[PDB]
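In structure tokens, the next block holds one chain alone, the form deposited in one PDB entry.
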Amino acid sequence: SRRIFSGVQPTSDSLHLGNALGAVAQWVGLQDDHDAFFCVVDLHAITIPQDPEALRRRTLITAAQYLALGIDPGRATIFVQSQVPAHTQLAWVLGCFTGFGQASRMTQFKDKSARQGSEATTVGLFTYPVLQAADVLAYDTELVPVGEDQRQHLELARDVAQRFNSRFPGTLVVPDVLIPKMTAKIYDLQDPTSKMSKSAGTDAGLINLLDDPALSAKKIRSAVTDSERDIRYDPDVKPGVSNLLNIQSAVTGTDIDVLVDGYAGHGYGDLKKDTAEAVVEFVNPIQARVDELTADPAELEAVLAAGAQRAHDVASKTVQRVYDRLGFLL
């Protein structure tokens, strides 16, 4: 079994290297010997105002990038969150076991609730960590492969599951968090100590999978480095250079230490071009797959339709189990 669950929001027209290397690469490695549910979490997207035409299109292109990155619909379940009602059913129950102060200590919330503490925060922006917990717990998930930015959220999920099981033993699976080391955080290229996010202002440090490959290669060349002319791996001291080697290692397969000793005598310029070529060679097979999946959508549609059918059969059994323990009339 070794049941796995993970999700990405359809908040943009393309994943970036952080999503692909910090999350989806780990999924592709897991799917062959784990029972895997990979979700496009469109209910999370609407915590921020969303254009309806874009939201539907980005939902499909997020699932398409899953397949383009190697997710295999014969080995794994891909589905759209909003199509499985159990997620919200479980999230209401779990919110009843979640401390108010526990939810207000979440970092995302204190960011937006900093400049406009009550003026611009919504309830959804306050409670989405509880819906994230329900996303995982509805599938009896044993392991959750995520980047480091999701760690605090999933500690909340584990705590609420243990609190619930304290009242009702053996109802929910408490999941283990699986965060990588090298690819745990792909950083911005114009700002080496800040996390590559879709909401970065200027995308000149952002590397989108479906962007024009020559533009992404132009951004890699413009990456902020240091001034030591020494190519080595020290992220605390060398944020830029360690990022680029981390990227090149991830898109190729070559260990960082092997890369570093090969870069003995080499300069940052050759490290940039080399990374730029590996990335261009990485994104080009993806863009061609996405373009076929976008142009011919009966294949993608059908994967998502089988996926939601399978996800509903699992997740609704969990809800019915939780409801029976709570004492609801069934």
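In this text, residue numbers run from 1 along the sequence as written. Rigid core: the largest C-alpha set superposing within 1.5 Å between the two forms.
Where the other entries of this protein model the residues before and after it, residue 175 is kept in all of them rather than dropped from a third. Residue 92, present in the displayed chain, carries coordinates in each of the other PDB entries compared that cover both sides of it, far from a third leaving it out.
Per-stretch averaging of Cα B factors for 150-158 and 249-257 places 249-257 on top.
Between 263-271 and 57-65, the higher mean Cα B-factor belongs to 263-271. For the set 129, 117, 74, 124, the maximum C-alpha B-factor listed in the entry falls on 117. The PDB entry assigns its highest CA temperature factor, among 102, 166, 199, 88, to 199. Sort the modelled residues of the chain by CA B factor and residue 140 lands in the lowest third. When the CA B factors of the chain's modelled residues are split into thirds, the value for residue 208 lands in the middle one. In this PDB entry, residue 277 carries a Cα temperature factor that places it within the highest third of its chain's modelled residues. Sorting the modelled residues of the chain by their CA temperature factor places residue 170 in the middle third. The entry lists a Cα temperature factor for residue 231 that places it in the highest third of the chain's modelled residues.
There is another form of this protein, the form deposited in another entry, and it is not shown here; the text below is about that form.
Following superposition on the rigid core between this form and the one not shown, the residue from 229, 218, 115, 167 with a C-alpha displacement of 2 angstroms or more is 115, and no other.
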